[PDB]
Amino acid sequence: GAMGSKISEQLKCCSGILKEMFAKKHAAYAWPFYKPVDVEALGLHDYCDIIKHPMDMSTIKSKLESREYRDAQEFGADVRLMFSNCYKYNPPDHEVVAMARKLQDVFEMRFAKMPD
């Protein structure tokens, strides 16, 4: 292409979505998801008994940068894993659940517009 890269259009969209999820506009609700859950710092001694496959936005970013995700479905599965872990682990009235839902709405509305 005259500008771009060689990655699929779909993966360009995934890139763009993750960039948005990192943007300042969303930071008040996105920040819990930026980095791996810090089980030591938060004293979450049950986390790894409950959550088999931790996921976070930085890990997702790394996997996009390495071209690990071969398509948008694989990317979207990791985003949804991140949110599902939050829903599984945390009390249902926890503020972090409310934050998850908001960031998940950002993600799902835009992911629904994936090129095809």
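Counting begins at 1, following the sequence as shown.
S.K.: Out of 1-9 and 106-114, which stretch has the higher average CA B-factor listed in the record?
M.R.: Looking at the recorded C-alpha B-factors, 1-9 comes out higher on average.
S.K.: Highest mean C-alpha temperature factor of the two stretches 54-62 and 67-75, which is it?
M.R.: If you average the C-alpha B-factors of 67-75 and of 54-62, the larger mean comes out for 67-75.
S.K.: Would you mind checking which of 48, 27, 42, 82 has the top Cα temperature factor in the PDB entry?
M.R.: That would be 42.
S.K.: How does the C-alpha B factor of residue 101 compare with the rest of the chain: lowest, middle or highest third?
M.R.: Middle third of the chain for residue 101's C-alpha B-factor.
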